[PDB]
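Taking it in order: structure first as structure tokens, then the write-up.
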């Protein structure tokens, strides 16, 4: 209780209680002060097939994560094996379509990351409260079989998807190409109050294995690729998708070099 | 200041000070509570020749209010008589162009309304502060000489212009034509505080003679006519759809009224 | 017999009888003189569903007179009652489509006028001969039930239709909108001659109740509306017909005002 | 003047003077009878270097008659010999462009025709006045040197030009190609009257050597070829369809004639 | 054996035999010298329905020779009689489409020429060897019945077709219109050598009846007609074919003149 | 000179001298035999700042060889160090633009190759003349500092440029990207003859370190990327498709190589 600043606050509240057009009691003024304190502090504060896979070309395959549901992990691994069986042999290249992904279940995101990682950190949450600081390490099993993969990120790629992309980039496991990411990397917990109502507050934020806050930076692709049309001067989706075609050609060139 | 609910607000503020990710001191939380109490209460709260006239057709004339300045009233009357001299006789119809009129001097607004009204109320403010409750009644002189007129109002006409239009409509003096209006009919007083800072608070709001709040209702035209451009296959009605509609309505009204 | 001017005429006729390329007797020269005297004097001198009605919108109906036949009168009244039954109630507005109407039976025109008029003059013929000066007065029965109506006139609106429109305008019963009218308001009677052939001559002309000659003035609409296209900047025929849509909107505004 | 039928005409004129709507005196009726007797009898009755030549191709030349002036004849002959000098030898074919030729001096027309004819009639007028009947016979000199020629005639070629074309066609001297002609082949003499006013009357009309009246028949080309523009994928045949057709016809005619 | 020039040749051959990158024996050098001597001397040296006829318009018919096969002659005569039977009477005009004709059997070409010629030379071959100088004269039978015909030649008209066109032009029997011809008018005979291989050499060239070498001049049409589009300013193939339409109109005009 | 086969060649030449249509003397036949022996044997036989560099992105640079002049080598090295100074550190990737490079000084070519190679062969010529067989081995200094580079080759890159590219490819030093090359890898020496005239003969041809003849094989890029223009919806990769592909390949290669 600062009391002096509380005196200033109560004086402003009394002036409003006296002058406003429609009469307002103390309770509604207090509630509006609370709601606006939260709105001014933090915007997030208050008071269906998941996975689709396809072998786009012989040796090169495409895996898209529409959303992060609970089944998503098992489904991505199922898709990995399915693509390996479709190519009738080991894969030369893979594309992770994580663009247009709002986010979803954090555990499902971490297991999707685990399908590509054999060791190291994946994501860790930092905040100032007893049970916020969390960490997630990769298990020594990757169903990807070390396949070279390029991850696609758009503006509409946030939360869980951003975590996956960041983990894949910091482990130097994937090539991120596309535009920048949303940058939504904060966790909201509902805290209880003595009065019979509770408040939702961002209590911590996500951090990639390197240590860069997802919320501030976002995820910057290693190669920036905006939408564009190519003009020659000399199913199959890449004929219509610019970013997918670019990722495919990059994987092709990488395979040829390697 | 009821301390008992102050307990609830302090408890909530302390819980927020404890849980948020990046630490914030008591001062910023109190200041944000103030700013949001005002913001959540009221969005407006914080902490060129005026008239141009023309006789469109023999018997039918057009009066435009670009803005509400002090001269406006005199000029409007100067225009009225002038149009009577232009037609060399009494007018069969008149069009009040109040579209694209943000507002202006309130006294000029009541003067413009009073040039058409011989009795009754024009506009009245209701509020809870000591010296806000005021009223405006028409004087028994109308330089309009009882001419039938159509008033045109669009979205970009607010405050004073809405006061004029509402007065003309509720007094059954004019027929309003066009789209709905802005609906800005509130007065903000700057109130001083013990500390060397002040708060802007709406202290009263305007009401049309019927009793309809301009701020909530707005002024709804009797005839809805959206903006359009006509192309034949100076004379502004030949190019302006809304003005042409009002002119033709006045002509037909005059013919029936024989 | 002027005889001196007859001498001049006969001298010219003899010169022509002598000089022309192909020989011509006195009779053909006389006949050509007659035919050209008539052509030079007056151009008119010498020597199928009628009615369609529809309720275009709830409360507002449209009645078109393609042509003036004998049945036309009964048909317009039949249509009036039919439109009243279609709306399941009294009508708010009516449109008389008299455009593209060459004319027709005068009595049918006067009865069509009688469906809207309860008293007063309708049309009167004036000429200089025993039985030309005629008058037509409205009977005290109007099946229109005083419905407000707008009449549409084009360039191709003449004779009977022009009479109807003029009567409706001079009685201040309808609003005439559109372009100007044809202006054909003369009656041709065949007169008998001593020789076994007869001549058709305009013997009189029509006059509206006010007294304006239909032949000279034509019918000027109270509102002039040429064909045009409207461009918004925000069956059902009026969506395609400009004049009909204008008449509909005028009737709508009149109903709202009234 | 046979008074017995003058009775009929006077009776008719008096009946007209009696019946017409607006009164007209005897003088205007008599004057209109005169004007219409002439108008109904005959529509024409009431009360720049001339030649340019060029050799289109080796052996084939083009002679254009813009208008029929006095110099035209001499110039045409001057052109003929000149073309012979241009080709350095006798011509294989010649094109007479008589299109867009209103007419002109009749003597120049018979001269132009005579430059191609060695015997026979050229044109003769028939009428009933004393000194109109004239004839024109060709002199036994043709500077054309018997060259085969095609004459081009369109609608805008009348009188003198038609006289030339008709003479050339009926004498089987030229092949006419194009559309039909105007057909204006009549001569108007101004005749004086006892009163100080005169009348224009056609006193005779032209006839081609066959005997066909130019005024009624016109001159119909042996080959119909409408106007057109050709675009390859100076030389006027490269741009003019009718001239190109005539040139190709002359070339083929020359080849067959070997 | 010049021997001195043979010494120069053998010295050059020895220099090449010594210096070239890949070793070459005397035989391959000799063979290359031979092949290049032939290539440098003369390019031609080394070391399915035929006829379609149709009556395009009443009186005017069209005969196209796609190629010169053995049956071609009988087929053209068969077509002549067929067209005569189709028109149910003698023909007014005929078009020989010889354009886009590489050539073919010389005897078939000469018989096709014989279908139009009653006497005179058709084509003769000139060269310097015992049995090269040949001549071909027309037999006194022409199934064409002297019908006037126009022959069409394009750039792709060579050898046999060029011979036919040239014969028809030099006899002044047909009108050749179109663009210039290919100009391929040489005969290649294979000559035997002591060694077990032989050489093909142009031994003579064709000449038209006039004496102009087909190989050098080509066949120049009497009327030049490139592809073009006509624009009026006023099955049936000529509506789509410019050259065919021109030939048709020329035949029409020729028939009218004759 | 083996006279026995000289018999065959003389016999053939005499038969040709006897059979050809227009007579040709022995001299022209011998001269043509010479010219064609050279022409049939070998088609080539008969009888501006060089380097421009730029750092495209932080860590990635671009070096263009317009032409191979004497300064080129020095300039290339001057450019290499300069780019190292521009990036203020070692480069992550480099692009060698050898497209549109006809060739130039061979020593400058081996210098340009030597700026990237520390050991091994660069290019060697094979022929049969005395002093053609030469070899070029790399010196143990590479100013490239082992930077990974992609070389771009199109069709319009020949000789020296192909030598550089082939050396870089066979030494597994660079990844070649683009279309195939011209393939002009032969050296022509002018040889003198006893008579005062000389012959141009290819005396040797180039070979890449692998042993592949540049003239026959050409240099085939490891990655095929045709020319195209990209349009976003200075920086040349933003406009050049092939350069952008090489840049993205280098970036991905650098990321994987961590």
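Every read-out reported here was derived from the displayed coordinates using simple, explicitly stated rules and does not represent laboratory data. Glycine also receives a Cβ, built like all others from the backbone with ideal geometry; neighbour counts cover every protein chain displayed.
Averaging 1/r across all pairs of distinct Cα atoms in the range D:29-78 and inverting the result yields a Kirkwood radius of 14.5 Å. Only helical runs count toward this figure. For chain D, summing -39,500 (n - 2.57) over DSSP H runs of n ≥ 4 and dividing by all residues gives -10500 deg cm²/dmol at 222 nm.
Diffusion coefficient of the protein assembly as shown by Stokes-Einstein, Kirkwood radius over Cα pairs, 20 °C, 1.002 mPa s: 45 µm²/s. Calculation over all alpha carbon pairs of the range C:48-151 in 5 angstrom steps from 0 returns a P(r) of 2, 13, 22, 23, 19, 11, 5, 3, 2, 1, 0 percent. Pairwise inverse Cα distances across the range B:94-144, averaged and inverted, put the Kirkwood hydrodynamic radius at 12.4 Å. The mean count of C-beta atoms from other chains within 10 Å of the C-beta of residues in A:240-249, rounded to a whole number, is 1.
Solvent-free Debye calculation, one equal scatterer per alpha-carbon of the range D:61-135: log10 I(q)/I(0) at 0.15, 0.21, 0.22, 0.27 Å⁻¹ equals -0.61, -1.02, -1.08, -1.31. Looking at chain E, the DSSP beta bridges with both ends there are about 55 percent antiparallel.
Each 5 Å bin, from zero up to the one with the longest distance, holds this percent of the alpha carbon pairs of the range B:188-258: 3, 11, 12, 11, 10, 12, 10, 8, 7, 6, 5, 3, 1, 1.
From the alpha carbon centroid of the range B:58-133 to that of the range C:116-163 is 44 Å. Shielding value for E:219-232 is 4, the average number of Cβ atoms from other chains within 10 Å of each residue's Cβ.
In this simple spin-label model, placing a label point 7 Å from the Cα along the Cα-to-Cβ direction at both residue D:17 and residue F:227 gives a separation of 9.9 nm.
In terms of overall dimensions, the C-alpha atoms belonging to the range E:124-258 reach 74, 35, 27 Å along their principal axes, ordered largest to smallest. Averaged over peptide D:238-246, the number of partner chain Cβ atoms lying within 10 Å of each residue's Cβ comes to 2.
With a Cα-only, solvent-free Debye model of chain A, what are the log10 I(q)/I(0) values at q = 0.07, 0.14, 0.16 Å⁻¹? The Cα Debye sum returns log10 ratios of -0.35, -0.93, -1.14. When both the range E:1-75 and the range A:69-115 are represented by their alpha-carbon centers, they are found 67 Å apart.
Binning the alpha carbon pair distances of chain D at 5 angstrom intervals from zero yields the distribution 1, 6, 11, 14, 15, 12, 9, 6, 6, 5, 5, 3, 3, 2, 1, 0, 0, expressed in whole percent. Along its principal axes, the range E:138-205 has C-alpha extents of 55, 31, 15 angstrom, given from the largest down.
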